[PDB]
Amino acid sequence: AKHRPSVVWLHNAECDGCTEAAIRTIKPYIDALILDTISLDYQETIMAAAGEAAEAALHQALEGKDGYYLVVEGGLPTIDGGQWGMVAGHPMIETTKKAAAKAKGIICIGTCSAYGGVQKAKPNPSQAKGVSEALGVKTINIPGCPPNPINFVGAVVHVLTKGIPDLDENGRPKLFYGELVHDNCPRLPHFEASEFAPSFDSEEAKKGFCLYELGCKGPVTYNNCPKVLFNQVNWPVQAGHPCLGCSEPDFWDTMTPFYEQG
């Protein structure tokens, strides 16, 4: 039996959209990944053990002789000593900090873990922070809300088989985040021609005109959405809707109002 690298997956202040995204992988499918490629040793959404049994399973993984990689889903709520976000009676910040100390590598799946995400948006009642901020360590960021599984699984496999991929200024692998959404958008011709839809009911909209005047944040958003699509079928602009800039840090605050450029 060839040993499979242990992966510990933690869920902090999250919506589970990133877990959901990960299991949409088809190259390979999630079963082949976990049966053949990695040893997924802790994952709250799907793991059989619960309660103390689950906590023990976590403890065993963190103390495995071969070490482990850490995946983090969700931001970290820090108000009141971290007690607004707890698992097994422990603040999420404390367990993540513990798990990160000895990780071979830390991958942040999603804008939440990467950058703080929706719970951090003003006025940030929970005082949520991104992982890199909260722990004081560099993380490999796979943002989007959620990211494409191609991006997360590709990062994971890259990390286990080649090393750390090249990262931009915001910690994102250039392999997937090196290009602006807008630069690969099929509407770009309309944008260069100043052919904007003024509203969603307009003939312009019906004709597939550019969605810039309706708030599209493609021009300032780094992601591969139009190139790889989602679910092998679509992406937001192809479905007639502006990009929200959901792979950008603090986009909840920097890209809003979503339906404007102001």
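Note that residue numbering begins at 1 and tracks the sequence as displayed.
Inset, instruction - Averaging the C-alpha B factors as listed in the entry, name the stretch that ends up higher: 75 to 83 or 185 to 193. - result: Mean CA B-factor is higher for 185 to 193.
Inset, instruction - Can you let me know which of the two, 202 to 210 or 48 to 56, has the higher average C-alpha B-factor in the entry? - result: According to the PDB entry, the answer is 202 to 210.
Inset, instruction - Divide the modelled residues of the chain into thirds by Cα B-factor and specify which third, lowest, middle or highest, holds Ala1. - result: As the PDB entry reports it, the C-alpha B-factor of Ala1 lands in the highest third of its chain.
Legend entry - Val220 - Cα temperature factor, lowest/middle/highest third of chain: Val220: CA B-factor falls in the highest third of its chain.
Inset, instruction - Looking at the entry's B-factor column for C-alpha atoms only, identify whether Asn124 ranks in the lowest, middle or highest third of its chain. - result: Ranked within chain, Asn124 CA B lands in the middle tercile.
Inset, instruction - Going by the recorded CA B-factors, say which third of the chain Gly89 sits in, lowest, middle or highest. - result: Its C-alpha B-factor, which the entry lists for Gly89, ranks in the middle third among residues of this chain.
Legend entry - Third of the chain, ranked by Cα B-factor, where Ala155 sits: As the PDB entry reports it, the C-alpha B-factor of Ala155 lands in the middle third of its chain.
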